[PDB]
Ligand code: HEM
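Presented as structure tokens, the chain that follows is alone, the form deposited without the named molecule.
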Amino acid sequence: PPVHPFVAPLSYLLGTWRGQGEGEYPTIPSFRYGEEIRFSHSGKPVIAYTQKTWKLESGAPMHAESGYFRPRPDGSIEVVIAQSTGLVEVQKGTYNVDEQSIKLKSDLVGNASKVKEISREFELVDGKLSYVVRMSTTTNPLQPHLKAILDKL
């Protein structure tokens, strides 16, 4: 169907993507991961999101997640995503067309053992999709947990 005028300033996300990431947190040593992401649409004011990660050398599947991005023409946007590990998060924030970036803060991270908030910021950088995921836990303050840069396939 045709791309909806609500999803148009984010038309740059629609495609398939594959890049590399790194994970770290006070409770767990730094590691590296492979990642794939897909943004697609079916003609509504929502975008589908799908993503999985895997061990680099071996290709061994690790996790996976999928959800929905809901940007509107005043600048605001909400993103819901449920995870393979058993979590769900509601994310709200902004998208900026001139910078091709998105900034999200959580309202909710449910069914999590000790996770409080999640930060998700994304940006297009020379045709590449980067993001950071910062997070708080019961006693560790919000800080970077994941970093990845993806290339459109």
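Numbers for residues come from their place in the sequence shown, where the first is 1.
Just so it is clear, the following notes concern the form solved in complex with the named molecule, a form of the same protein that is not shown.
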Here the chain is shown alone; which of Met62, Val97, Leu56, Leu124 has a heavy atom within 4.5 Å of the named molecule in the deposited bound form?
-> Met62
Would you say all of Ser11, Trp17 and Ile102 touch the named molecule in the deposited bound form, counting a heavy atom within 4.5 Å as a touch?
-> no
So, in the deposited bound form, is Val46 in contact with the named molecule at a 4.5 angstroms heavy atom limit?
-> no
If you check in the deposited bound form, is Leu129 within 4.5 Å of the named molecule, heavy atoms only?
-> no
Contact test in the deposited bound form: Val7 vs the named molecule, heavy atoms, 4.5 Å = no
Might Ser106 be said to contact the named molecule in the deposited bound form, defining contact as any heavy atom within 4.5 Å?
-> no
Taking the named molecule in the deposited bound form, which residues along 23-38 bring a heavy atom to within 4.5 Å of it?
-> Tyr25, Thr27, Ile28, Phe31, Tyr33
